[PDB]
>>> print(open('data21.cif').read())   # mmCIF, C-alpha atoms and all ligand atoms; chains and numbers go by the auth columns
data_run
#
loop_
_atom_site.group_PDB
_atom_site.id
_atom_site.type_symbol
_atom_site.label_atom_id
_atom_site.label_comp_id
_atom_site.label_asym_id
_atom_site.label_seq_id
_atom_site.Cartn_x
_atom_site.Cartn_y
_atom_site.Cartn_z
_atom_site.B_iso_or_equiv
_atom_site.auth_seq_id
_atom_site.auth_asym_id
ATOM 1 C CA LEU A 1 -2.585 15.569 1.847 0.00 7 L
ATOM 2 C CA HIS A 2 1.255 15.988 1.953 0.00 8 L
ATOM 3 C CA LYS A 3 4.166 13.733 1.163 0.00 9 L
ATOM 4 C CA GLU A 4 6.763 13.354 3.960 0.00 10 L
ATOM 5 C CA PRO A 5 10.104 11.726 3.895 0.00 11 L
ATOM 6 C CA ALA A 6 10.998 8.282 5.001 0.00 12 L
ATOM 7 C CA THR A 7 13.696 5.670 4.296 0.00 13 L
ATOM 8 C CA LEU A 8 13.274 1.990 3.650 0.00 14 L
ATOM 9 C CA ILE A 9 14.339 -0.227 6.504 0.00 15 L
ATOM 10 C CA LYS A 10 12.995 -3.603 5.224 0.00 16 L
ATOM 11 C CA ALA A 11 10.337 -4.895 2.858 0.00 17 L
ATOM 12 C CA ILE A 12 7.926 -7.080 4.776 0.00 18 L
ATOM 13 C CA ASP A 13 5.192 -8.137 2.354 0.00 19 L
ATOM 14 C CA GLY A 14 2.755 -6.840 -0.345 0.00 20 L
ATOM 15 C CA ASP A 15 1.072 -4.357 2.049 0.00 21 L
ATOM 16 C CA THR A 16 3.442 -3.800 5.040 0.00 22 L
ATOM 17 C CA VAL A 17 6.959 -2.410 5.078 0.00 23 L
ATOM 18 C CA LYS A 18 9.347 -1.160 7.742 0.00 24 L
ATOM 19 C CA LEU A 19 10.343 2.459 7.200 0.00 25 L
ATOM 20 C CA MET A 20 12.177 5.029 9.195 0.00 26 L
ATOM 21 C CA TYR A 21 9.871 8.011 9.666 0.00 27 L
ATOM 22 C CA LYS A 22 10.831 11.094 11.650 0.00 28 L
ATOM 23 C CA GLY A 23 13.945 9.092 12.543 0.00 29 L
ATOM 24 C CA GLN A 24 12.081 6.181 14.154 0.00 30 L
ATOM 25 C CA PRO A 25 11.505 2.657 12.862 0.00 31 L
ATOM 26 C CA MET A 26 7.815 1.993 12.159 0.00 32 L
ATOM 27 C CA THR A 27 5.842 -0.755 10.429 0.00 33 L
ATOM 28 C CA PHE A 28 3.513 0.754 7.839 0.00 34 L
ATOM 29 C CA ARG A 29 0.243 -0.756 6.593 0.00 35 L
ATOM 30 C CA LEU A 30 -0.727 0.560 3.148 0.00 36 L
ATOM 31 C CA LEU A 31 -4.107 2.285 3.201 0.00 37 L
ATOM 32 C CA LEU A 32 -7.082 1.033 1.128 0.00 38 L
ATOM 33 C CA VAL A 33 -5.531 -2.237 -0.073 0.00 39 L
ATOM 34 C CA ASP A 34 -5.371 -5.911 0.661 0.00 40 L
ATOM 35 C CA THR A 35 -2.708 -8.111 -0.711 0.00 41 L
ATOM 36 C CA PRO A 36 -2.779 -11.928 -0.427 0.00 42 L
ATOM 37 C CA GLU A 37 -0.711 -13.161 2.554 0.00 43 L
ATOM 38 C CA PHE A 38 2.656 -14.689 1.493 0.00 50 L
ATOM 39 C CA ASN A 39 1.051 -18.019 2.341 0.00 51 L
ATOM 40 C CA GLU A 40 -1.642 -17.446 -0.341 0.00 52 L
ATOM 41 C CA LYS A 41 -2.110 -17.350 -4.145 0.00 53 L
ATOM 42 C CA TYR A 42 -0.240 -14.286 -5.604 0.00 54 L
ATOM 43 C CA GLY A 43 1.115 -13.493 -2.092 0.00 55 L
ATOM 44 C CA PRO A 44 4.738 -14.035 -3.092 0.00 56 L
ATOM 45 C CA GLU A 45 4.211 -11.978 -6.338 0.00 57 L
ATOM 46 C CA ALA A 46 2.618 -9.127 -4.380 0.00 58 L
ATOM 47 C CA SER A 47 5.486 -9.180 -1.918 0.00 59 L
ATOM 48 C CA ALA A 48 8.105 -9.196 -4.663 0.00 60 L
ATOM 49 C CA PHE A 49 6.426 -6.370 -6.510 0.00 61 L
ATOM 50 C CA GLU A 50 6.244 -4.135 -3.384 0.00 62 L
ATOM 51 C CA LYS A 51 9.801 -4.998 -2.460 0.00 63 L
ATOM 52 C CA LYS A 52 11.241 -4.235 -5.883 0.00 64 L
ATOM 53 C CA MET A 53 9.337 -1.043 -6.139 0.00 65 L
ATOM 54 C CA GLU A 54 10.589 0.168 -2.732 0.00 66 L
ATOM 55 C CA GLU A 55 14.172 -1.139 -3.025 0.00 67 L
ATOM 56 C CA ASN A 56 14.684 0.306 -6.496 0.00 68 L
ATOM 57 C CA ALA A 57 13.447 3.741 -5.333 0.00 69 L
ATOM 58 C CA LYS A 58 15.737 6.689 -4.820 0.00 70 L
ATOM 59 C CA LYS A 59 13.179 8.391 -2.583 0.00 71 L
ATOM 60 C CA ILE A 60 10.441 6.864 -0.434 0.00 72 L
ATOM 61 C CA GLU A 61 7.693 9.148 0.867 0.00 73 L
ATOM 62 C CA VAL A 62 4.757 8.565 3.135 0.00 74 L
ATOM 63 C CA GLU A 63 1.434 10.360 2.887 0.00 75 L
ATOM 64 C CA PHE A 64 -0.981 10.152 5.738 0.00 76 L
ATOM 65 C CA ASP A 65 -4.679 10.611 5.130 0.00 77 L
ATOM 66 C CA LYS A 66 -7.031 12.868 7.186 0.00 78 L
ATOM 67 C CA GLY A 67 -7.925 10.361 9.866 0.00 79 L
ATOM 68 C CA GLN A 68 -6.159 7.881 12.041 0.00 80 L
ATOM 69 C CA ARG A 69 -2.420 7.564 11.435 0.00 81 L
ATOM 70 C CA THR A 70 -1.856 4.343 13.352 0.00 82 L
ATOM 71 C CA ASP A 71 -3.893 1.203 13.564 0.00 83 L
ATOM 72 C CA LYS A 72 -4.701 -0.964 16.544 0.00 84 L
ATOM 73 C CA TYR A 73 -1.433 -2.807 16.142 0.00 85 L
ATOM 74 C CA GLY A 74 0.639 0.459 16.070 0.00 86 L
ATOM 75 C CA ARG A 75 1.194 0.248 12.297 0.00 87 L
ATOM 76 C CA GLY A 76 1.320 3.551 10.565 0.00 88 L
ATOM 77 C CA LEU A 77 -1.468 3.923 7.981 0.00 89 L
ATOM 78 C CA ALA A 78 -0.283 5.776 4.860 0.00 90 L
ATOM 79 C CA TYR A 79 -0.045 5.915 1.133 0.00 91 L
ATOM 80 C CA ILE A 80 3.559 5.065 0.236 0.00 92 L
ATOM 81 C CA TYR A 81 5.300 6.585 -2.814 0.00 93 L
ATOM 82 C CA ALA A 82 8.417 5.268 -4.619 0.00 94 L
ATOM 83 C CA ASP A 83 10.084 7.948 -6.702 0.00 95 L
ATOM 84 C CA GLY A 84 6.710 9.712 -6.762 0.00 96 L
ATOM 85 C CA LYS A 85 4.701 6.612 -7.780 0.00 97 L
ATOM 86 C CA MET A 86 2.127 5.308 -5.284 0.00 98 L
ATOM 87 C CA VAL A 87 2.838 1.739 -4.212 0.00 99 L
ATOM 88 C CA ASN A 88 -0.767 1.290 -3.059 0.00 100 L
ATOM 89 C CA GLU A 89 -2.086 2.192 -6.555 0.00 101 L
ATOM 90 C CA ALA A 90 0.522 0.199 -8.360 0.00 102 L
ATOM 91 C CA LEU A 91 -0.281 -3.038 -6.534 0.00 103 L
ATOM 92 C CA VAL A 92 -4.017 -2.547 -7.347 0.00 104 L
ATOM 93 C CA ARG A 93 -3.324 -1.689 -10.964 0.00 105 L
ATOM 94 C CA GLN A 94 -1.319 -4.874 -11.426 0.00 106 L
ATOM 95 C CA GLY A 95 -4.033 -7.083 -9.958 0.00 107 L
ATOM 96 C CA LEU A 96 -1.819 -7.881 -6.967 0.00 108 L
ATOM 97 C CA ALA A 97 -4.073 -6.142 -4.400 0.00 109 L
ATOM 98 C CA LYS A 98 -7.805 -5.544 -3.940 0.00 110 L
ATOM 99 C CA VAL A 99 -9.265 -2.219 -2.771 0.00 111 L
ATOM 100 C CA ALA A 100 -10.172 -3.069 0.824 0.00 112 L
ATOM 101 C CA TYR A 101 -10.479 -1.577 4.332 0.00 113 L
ATOM 102 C CA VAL A 102 -12.018 1.637 3.184 0.00 114 L
ATOM 103 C CA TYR A 103 -12.874 3.425 6.395 0.00 115 L
ATOM 104 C CA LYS A 104 -14.564 6.838 6.334 0.00 116 L
ATOM 105 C CA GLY A 105 -12.100 9.723 6.817 0.00 117 L
ATOM 106 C CA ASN A 106 -9.038 7.829 5.565 0.00 118 L
ATOM 107 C CA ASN A 107 -10.294 7.268 1.996 0.00 119 L
ATOM 108 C CA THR A 108 -8.911 10.177 0.033 0.00 120 L
ATOM 109 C CA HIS A 109 -7.543 7.987 -2.816 0.00 121 L
ATOM 110 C CA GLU A 110 -10.460 5.449 -2.914 0.00 122 L
ATOM 111 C CA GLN A 111 -11.739 6.390 -6.309 0.00 123 L
ATOM 112 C CA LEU A 112 -8.199 6.494 -7.830 0.00 124 L
ATOM 113 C CA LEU A 113 -7.560 2.943 -6.582 0.00 125 L
ATOM 114 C CA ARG A 114 -11.005 1.694 -7.630 0.00 126 L
ATOM 115 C CA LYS A 115 -10.266 2.918 -11.151 0.00 127 L
ATOM 116 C CA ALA A 116 -6.973 1.007 -11.098 0.00 128 L
ATOM 117 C CA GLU A 117 -8.813 -2.087 -9.893 0.00 129 L
ATOM 118 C CA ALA A 118 -11.361 -1.794 -12.743 0.00 130 L
ATOM 119 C CA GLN A 119 -8.482 -1.601 -15.278 0.00 131 L
ATOM 120 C CA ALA A 120 -6.708 -4.638 -13.715 0.00 132 L
ATOM 121 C CA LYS A 121 -9.927 -6.572 -13.699 0.00 133 L
ATOM 122 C CA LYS A 122 -10.598 -5.616 -17.375 0.00 134 L
ATOM 123 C CA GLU A 123 -7.077 -6.892 -18.250 0.00 135 L
ATOM 124 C CA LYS A 124 -7.720 -10.007 -16.145 0.00 136 L
ATOM 125 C CA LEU A 125 -4.423 -9.463 -14.379 0.00 137 L
ATOM 126 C CA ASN A 126 -3.159 -11.768 -11.725 0.00 138 L
ATOM 127 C CA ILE A 127 -5.861 -11.944 -8.975 0.00 139 L
ATOM 128 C CA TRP A 128 -8.449 -11.228 -11.683 0.00 140 L
ATOM 129 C CA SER A 129 -7.159 -14.005 -14.001 0.00 141 L
HETATM 130 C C1 LIG B . -5.716 -1.142 6.159 0.00 1 O
HETATM 131 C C2 LIG B . -6.208 -1.111 7.592 0.00 1 O
HETATM 132 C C3 LIG B . -6.211 -2.278 8.375 0.00 1 O
HETATM 133 N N1 LIG B . -6.616 -2.208 9.655 0.00 1 O
HETATM 134 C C4 LIG B . -6.726 -3.393 10.507 0.00 1 O
HETATM 135 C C5 LIG B . -8.088 -4.046 10.205 0.00 1 O
HETATM 136 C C6 LIG B . -7.790 -5.499 10.301 0.00 1 O
HETATM 137 O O1 LIG B . -8.095 -5.957 11.631 0.00 1 O
HETATM 138 P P1 LIG B . -7.886 -7.535 12.040 0.00 1 O
HETATM 139 O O2 LIG B . -6.416 -7.872 12.261 0.00 1 O
HETATM 140 O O3 LIG B . -8.636 -7.536 13.287 0.00 1 O
HETATM 141 O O4 LIG B . -8.445 -8.362 10.952 0.00 1 O
HETATM 142 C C7 LIG B . -6.306 -5.620 9.981 0.00 1 O
HETATM 143 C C8 LIG B . -5.991 -6.048 8.582 0.00 1 O
HETATM 144 O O5 LIG B . -4.623 -5.927 8.348 0.00 1 O
HETATM 145 P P2 LIG B . -3.857 -7.059 7.517 0.00 1 O
HETATM 146 O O6 LIG B . -4.564 -7.098 6.169 0.00 1 O
HETATM 147 O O7 LIG B . -2.417 -6.639 7.467 0.00 1 O
HETATM 148 O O8 LIG B . -3.991 -8.296 8.261 0.00 1 O
HETATM 149 O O9 LIG B . -5.778 -4.340 10.101 0.00 1 O
HETATM 150 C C9 LIG B . -7.130 -0.975 10.158 0.00 1 O
HETATM 151 O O10 LIG B . -7.568 -0.937 11.344 0.00 1 O
HETATM 152 N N2 LIG B . -7.118 0.182 9.419 0.00 1 O
HETATM 153 C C10 LIG B . -6.695 0.151 8.146 0.00 1 O
HETATM 154 O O11 LIG B . -6.720 1.174 7.436 0.00 1 O
HETATM 155 CA CA CA B . -2.976 -8.576 3.755 0.00 2 O
#
>>> encode(input="data21.cif", output="structure tokens")
Amino acid sequence: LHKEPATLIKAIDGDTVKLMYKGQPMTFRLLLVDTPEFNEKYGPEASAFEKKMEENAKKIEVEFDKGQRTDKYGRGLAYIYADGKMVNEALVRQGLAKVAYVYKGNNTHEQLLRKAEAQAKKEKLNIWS
């Protein structure tokens, strides 16, 4: 896998964000995670966390996996990095996202995120509280 550039356009919620990628606006859906909807318990906290992480970053990157790069809704499917730190992993590690939507051939960082989930659950953080 390879990191590619992108620039924040707008935070949307815990697991979607609008980025400019190859000079075009795109909505991205974070691979391998599920945040609560804003509507839902810890939804606003997940959204805030993503937003702060992305907005505070000097450099956003996107990293596609080996399989499909867009979903059925035309969202890009990627791992997103903020100043080299994976947003997908960070949400999971803080108990603000569950590992979810693990489809074969876009699951390169599954075990990394599962480990983060186990640590969050051990610490009874947020969703695991
Ligand atoms: C994360 C992810 C979601 N999706 C689709 C599956 C779900 O379909 P449905 O909309 O039919 O439920 C939806 C979940 O996204 P959200 O969690 O943003 O709603 O996005 C993929 O197809 N591939 C993926 O990697
Ligand atoms: Ca969601």
>>> atom_distance(input="data21.cif", atom1="CA of residue 110 in chain L", atom2="CA of residue 32 in chain L")
23.7 Å
>>> resolve_selection(input="data21.cif", expression="the PyMOL selection byres (((chain L and resi 88-96) around 6) and not hetatm)", output="list in words")
residues 34, 35, 36, 37, 66, 69, 71, 72, 73, 74, 75, 76, 81, 82, 87, 97, 98 and 99 of chain L
>>> closest_residue(input="data21.cif", among="L:12, L:18, L:25, L:39", to="residue 113 in chain L", atoms="all atoms listed in the file")
L:39
>>> residues_around(input="data21.cif", residues="residue 17 in chain L", least_positions_apart="5", cutoff="12 Å", atoms="all atoms listed in the file", output="PyMOL selection string")
chain L and resi 22-26+32-35+58-68
>>> resolve_selection(input="data21.cif", expression="the PyMOL selection byres (((not hetatm)) within 9 of (chain O and resi 2))", output="MDAnalysis selection string")
chainID L and resid 19:22 35 39:43 50 55 109
>>> closest_atom_pairs(input="data21.cif", of="range 64-106 of chain L", to="range 125-133 of chain L", cutoff="12 Å", atoms="only C-alpha atoms", output="JSON lines")
{"residue": "L:91", "atom": "CA", "partner": "L:125", "partner_atom": "CA", "distance": 11.2}
{"residue": "L:98", "atom": "CA", "partner": "L:125", "partner_atom": "CA", "distance": 10.1}
{"residue": "L:99", "atom": "CA", "partner": "L:125", "partner_atom": "CA", "distance": 10.7}
{"residue": "L:100", "atom": "CA", "partner": "L:125", "partner_atom": "CA", "distance": 7.8}
{"residue": "L:101", "atom": "CA", "partner": "L:125", "partner_atom": "CA", "distance": 5.5}
{"residue": "L:102", "atom": "CA", "partner": "L:128", "partner_atom": "CA", "distance": 8.0}
{"residue": "L:103", "atom": "CA", "partner": "L:128", "partner_atom": "CA", "distance": 9.1}
{"residue": "L:104", "atom": "CA", "partner": "L:129", "partner_atom": "CA", "distance": 5.4}
{"residue": "L:105", "atom": "CA", "partner": "L:128", "partner_atom": "CA", "distance": 4.5}
{"residue": "L:106", "atom": "CA", "partner": "L:132", "partner_atom": "CA", "distance": 5.9}
>>> closest_residue(input="data21.cif", among="L:52, L:122, L:10, L:135", to="residue 29 in chain L", atoms="all atoms listed in the file")
L:10
>>> atom_distance(input="data21.cif", atom1="CA of residue 53 in chain L", atom2="CA of residue 119 in chain L")
26.7 Å
>>> axis_aligned_box(input="data21.cif", around="ligand LIG 1 (chain O)", padding_each_side="5 Å", output="JSON")
{"center_x": -5.5, "center_y": -3.6, "center_z": 9.7, "size_x": 16.2, "size_y": 19.5, "size_z": 17.1}
>>> closest_residue(input="data21.cif", among="L:139, L:84, L:134, L:116", to="ligand LIG 1 (chain O)", atoms="only C-alpha atoms and all ligand atoms")
L:84
>>> closest_residue(input="data21.cif", among="L:108, L:7, L:15, L:114", to="ligand LIG 1 (chain O)", atoms="only C-alpha atoms and all ligand atoms")
L:114
>>> atom_distance(input="data21.cif", atom1="CA of residue 86 in chain L", atom2="atom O4 of ligand LIG 1 (chain O)")
13.7 Å
>>> closest_residue(input="data21.cif", among="L:137, L:111, L:124, L:38", to="ligand LIG 1 (chain O)", atoms="all atoms listed in the file")
L:38
>>> closest_residue(input="data21.cif", among="L:123, L:138, L:51, L:80", to="ligand LIG 1 (chain O)", atoms="all atoms listed in the file")
L:80
>>> decode(input="data21.cif", residues="range 8-141 of chain L", atoms="C-alpha atoms", output="PDB file, in the first residue's frame")
ATOM      1  CA  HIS L   8       1.063   3.655  -0.663  1.00  0.00           C
ATOM      2  CA  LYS L   9       0.137   6.976   0.853  1.00  0.00           C
ATOM      3  CA  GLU L  10      -1.067   9.642  -1.628  1.00  0.00           C
ATOM      4  CA  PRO L  11      -1.743  13.258  -1.089  1.00  0.00           C
ATOM      5  CA  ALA L  12      -5.021  14.905  -0.437  1.00  0.00           C
ATOM      6  CA  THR L  13      -6.332  18.097   1.202  1.00  0.00           C
ATOM      7  CA  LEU L  14      -9.193  18.482   3.612  1.00  0.00           C
ATOM      8  CA  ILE L  15     -12.278  20.058   2.132  1.00  0.00           C
ATOM      9  CA  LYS L  16     -14.748  19.465   5.029  1.00  0.00           C
ATOM     10  CA  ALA L  17     -15.179  17.115   7.965  1.00  0.00           C
ATOM     11  CA  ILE L  18     -18.459  15.277   7.609  1.00  0.00           C
ATOM     12  CA  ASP L  19     -18.679  12.799  10.486  1.00  0.00           C
ATOM     13  CA  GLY L  20     -16.719  10.090  12.415  1.00  0.00           C
ATOM     14  CA  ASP L  21     -16.161   7.946   9.282  1.00  0.00           C
ATOM     15  CA  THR L  22     -16.719  10.187   6.194  1.00  0.00           C
ATOM     16  CA  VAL L  23     -14.868  13.313   5.143  1.00  0.00           C
ATOM     17  CA  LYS L  24     -14.675  15.416   1.995  1.00  0.00           C
ATOM     18  CA  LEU L  25     -11.157  15.583   0.588  1.00  0.00           C
ATOM     19  CA  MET L  26      -9.628  16.842  -2.578  1.00  0.00           C
ATOM     20  CA  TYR L  27      -7.810  13.946  -4.233  1.00  0.00           C
ATOM     21  CA  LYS L  28      -6.016  14.241  -7.558  1.00  0.00           C
ATOM     22  CA  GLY L  29      -7.530  17.734  -7.642  1.00  0.00           C
ATOM     23  CA  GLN L  30     -11.160  16.583  -7.427  1.00  0.00           C
ATOM     24  CA  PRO L  31     -13.596  16.772  -4.519  1.00  0.00           C
ATOM     25  CA  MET L  32     -14.536  13.306  -3.233  1.00  0.00           C
ATOM     26  CA  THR L  33     -16.376  11.954  -0.196  1.00  0.00           C
ATOM     27  CA  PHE L  34     -14.271   9.306   1.525  1.00  0.00           C
ATOM     28  CA  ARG L  35     -15.567   6.426   3.657  1.00  0.00           C
ATOM     29  CA  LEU L  36     -12.926   5.131   6.083  1.00  0.00           C
ATOM     30  CA  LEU L  37     -12.171   1.456   5.510  1.00  0.00           C
ATOM     31  CA  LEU L  38     -12.778  -1.208   8.203  1.00  0.00           C
ATOM     32  CA  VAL L  39     -14.623   1.002  10.704  1.00  0.00           C
ATOM     33  CA  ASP L  40     -18.054   1.977  11.861  1.00  0.00           C
ATOM     34  CA  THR L  41     -18.691   5.034  13.877  1.00  0.00           C
ATOM     35  CA  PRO L  42     -22.063   5.808  15.517  1.00  0.00           C
ATOM     36  CA  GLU L  43     -24.184   8.148  13.347  1.00  0.00           C
ATOM     37  CA  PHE L  50     -24.271  11.749  14.697  1.00  0.00           C
ATOM     38  CA  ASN L  51     -27.820  10.929  15.754  1.00  0.00           C
ATOM     39  CA  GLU L  52     -26.529   8.129  18.049  1.00  0.00           C
ATOM     40  CA  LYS L  53     -24.636   7.586  21.338  1.00  0.00           C
ATOM     41  CA  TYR L  54     -20.953   8.711  20.916  1.00  0.00           C
ATOM     42  CA  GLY L  55     -21.774   9.921  17.357  1.00  0.00           C
ATOM     43  CA  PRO L  56     -21.010  13.556  18.144  1.00  0.00           C
ATOM     44  CA  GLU L  57     -17.756  12.533  19.991  1.00  0.00           C
ATOM     45  CA  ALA L  58     -16.652  10.388  17.046  1.00  0.00           C
ATOM     46  CA  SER L  59     -17.360  13.240  14.668  1.00  0.00           C
ATOM     47  CA  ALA L  60     -15.478  15.750  16.802  1.00  0.00           C
ATOM     48  CA  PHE L  61     -12.506  13.460  17.170  1.00  0.00           C
ATOM     49  CA  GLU L  62     -12.225  12.846  13.382  1.00  0.00           C
ATOM     50  CA  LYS L  63     -12.708  16.522  12.668  1.00  0.00           C
ATOM     51  CA  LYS L  64     -10.065  17.699  15.118  1.00  0.00           C
ATOM     52  CA  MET L  65      -7.626  15.136  13.950  1.00  0.00           C
ATOM     53  CA  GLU L  66      -8.063  16.152  10.287  1.00  0.00           C
ATOM     54  CA  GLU L  67      -8.306  19.929  10.843  1.00  0.00           C
ATOM     55  CA  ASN L  68      -5.249  20.049  13.086  1.00  0.00           C
ATOM     56  CA  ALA L  69      -3.183  18.109  10.507  1.00  0.00           C
ATOM     57  CA  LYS L  70      -0.502  19.705   8.395  1.00  0.00           C
ATOM     58  CA  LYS L  71      -0.697  16.875   5.865  1.00  0.00           C
ATOM     59  CA  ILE L  72      -3.603  14.578   5.018  1.00  0.00           C
ATOM     60  CA  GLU L  73      -2.877  11.418   3.030  1.00  0.00           C
ATOM     61  CA  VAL L  74      -5.087   8.722   1.633  1.00  0.00           C
ATOM     62  CA  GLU L  75      -4.110   5.082   1.281  1.00  0.00           C
ATOM     63  CA  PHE L  76      -6.194   2.822  -0.854  1.00  0.00           C
ATOM     64  CA  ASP L  77      -6.237  -0.896  -0.202  1.00  0.00           C
ATOM     65  CA  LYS L  78      -5.832  -3.650  -2.868  1.00  0.00           C
ATOM     66  CA  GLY L  79      -9.464  -3.925  -3.868  1.00  0.00           C
ATOM     67  CA  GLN L  80     -12.292  -1.620  -4.698  1.00  0.00           C
ATOM     68  CA  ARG L  81     -11.513   2.087  -4.373  1.00  0.00           C
ATOM     69  CA  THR L  82     -15.074   3.378  -4.501  1.00  0.00           C
ATOM     70  CA  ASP L  83     -18.230   2.083  -2.945  1.00  0.00           C
ATOM     71  CA  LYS L  84     -21.709   1.823  -4.381  1.00  0.00           C
ATOM     72  CA  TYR L  85     -22.411   5.409  -3.438  1.00  0.00           C
ATOM     73  CA  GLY L  86     -19.213   6.712  -5.180  1.00  0.00           C
ATOM     74  CA  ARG L  87     -17.389   7.234  -1.864  1.00  0.00           C
ATOM     75  CA  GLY L  88     -13.715   6.601  -2.002  1.00  0.00           C
ATOM     76  CA  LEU L  89     -12.661   3.754   0.316  1.00  0.00           C
ATOM     77  CA  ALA L  90      -9.302   4.448   1.993  1.00  0.00           C
ATOM     78  CA  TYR L  91      -7.270   4.585   5.126  1.00  0.00           C
ATOM     79  CA  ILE L  92      -6.821   8.271   5.978  1.00  0.00           C
ATOM     80  CA  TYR L  93      -3.667   9.582   7.704  1.00  0.00           C
ATOM     81  CA  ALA L  94      -3.253  12.880   9.617  1.00  0.00           C
ATOM     82  CA  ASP L  95       0.378  13.881   9.942  1.00  0.00           C
ATOM     83  CA  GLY L  96       1.225  10.201   9.447  1.00  0.00           C
ATOM     84  CA  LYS L  97      -1.276   8.904  12.045  1.00  0.00           C
ATOM     85  CA  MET L  98      -4.136   6.724  10.771  1.00  0.00           C
ATOM     86  CA  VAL L  99      -7.539   8.220  11.532  1.00  0.00           C
ATOM     87  CA  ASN L 100      -9.210   4.822  11.098  1.00  0.00           C
ATOM     88  CA  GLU L 101      -6.961   3.276  13.806  1.00  0.00           C
ATOM     89  CA  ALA L 102      -7.218   6.226  16.099  1.00  0.00           C
ATOM     90  CA  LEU L 103     -11.019   6.185  16.188  1.00  0.00           C
ATOM     91  CA  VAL L 104     -10.941   2.419  17.007  1.00  0.00           C
ATOM     92  CA  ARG L 105      -8.268   2.843  19.648  1.00  0.00           C
ATOM     93  CA  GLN L 106     -10.322   5.490  21.424  1.00  0.00           C
ATOM     94  CA  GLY L 107     -13.457   3.353  21.500  1.00  0.00           C
ATOM     95  CA  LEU L 108     -15.188   5.741  19.093  1.00  0.00           C
ATOM     96  CA  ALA L 109     -15.456   3.205  16.231  1.00  0.00           C
ATOM     97  CA  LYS L 110     -15.924  -0.558  15.894  1.00  0.00           C
ATOM     98  CA  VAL L 111     -13.998  -2.691  13.385  1.00  0.00           C
ATOM     99  CA  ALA L 112     -16.695  -3.326  10.779  1.00  0.00           C
ATOM    100  CA  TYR L 113     -17.257  -3.892   7.038  1.00  0.00           C
ATOM    101  CA  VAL L 114     -14.279  -6.119   6.596  1.00  0.00           C
ATOM    102  CA  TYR L 115     -14.552  -7.290   3.019  1.00  0.00           C
ATOM    103  CA  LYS L 116     -11.982  -9.690   1.554  1.00  0.00           C
ATOM    104  CA  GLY L 117      -9.303  -7.911  -0.518  1.00  0.00           C
ATOM    105  CA  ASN L 118      -9.664  -4.530   1.205  1.00  0.00           C
ATOM    106  CA  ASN L 119      -8.598  -5.695   4.689  1.00  0.00           C
ATOM    107  CA  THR L 120      -4.889  -5.018   4.825  1.00  0.00           C
ATOM    108  CA  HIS L 121      -5.036  -3.253   8.238  1.00  0.00           C
ATOM    109  CA  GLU L 122      -7.704  -5.543   9.849  1.00  0.00           C
ATOM    110  CA  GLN L 123      -5.465  -7.057  12.446  1.00  0.00           C
ATOM    111  CA  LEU L 124      -3.912  -3.654  13.374  1.00  0.00           C
ATOM    112  CA  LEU L 125      -7.402  -2.229  13.980  1.00  0.00           C
ATOM    113  CA  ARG L 126      -8.614  -5.334  15.830  1.00  0.00           C
ATOM    114  CA  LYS L 127      -5.672  -4.943  18.204  1.00  0.00           C
ATOM    115  CA  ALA L 128      -6.655  -1.310  18.785  1.00  0.00           C
ATOM    116  CA  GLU L 129     -10.230  -2.404  19.440  1.00  0.00           C
ATOM    117  CA  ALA L 130      -9.062  -5.005  22.004  1.00  0.00           C
ATOM    118  CA  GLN L 131      -7.057  -2.283  23.829  1.00  0.00           C
ATOM    119  CA  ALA L 132     -10.047   0.142  23.802  1.00  0.00           C
ATOM    120  CA  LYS L 133     -12.323  -2.574  25.046  1.00  0.00           C
ATOM    121  CA  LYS L 134      -9.810  -3.502  27.821  1.00  0.00           C
ATOM    122  CA  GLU L 135      -9.748   0.197  28.871  1.00  0.00           C
ATOM    123  CA  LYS L 136     -13.554   0.291  28.643  1.00  0.00           C
ATOM    124  CA  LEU L 137     -13.325   3.418  26.533  1.00  0.00           C
ATOM    125  CA  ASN L 138     -16.345   5.204  25.251  1.00  0.00           C
ATOM    126  CA  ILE L 139     -18.407   2.655  23.215  1.00  0.00           C
ATOM    127  CA  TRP L 140     -16.962  -0.074  25.452  1.00  0.00           C
ATOM    128  CA  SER L 141     -17.884   1.753  28.702  1.00  0.00           C
TER     129      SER L 141
END
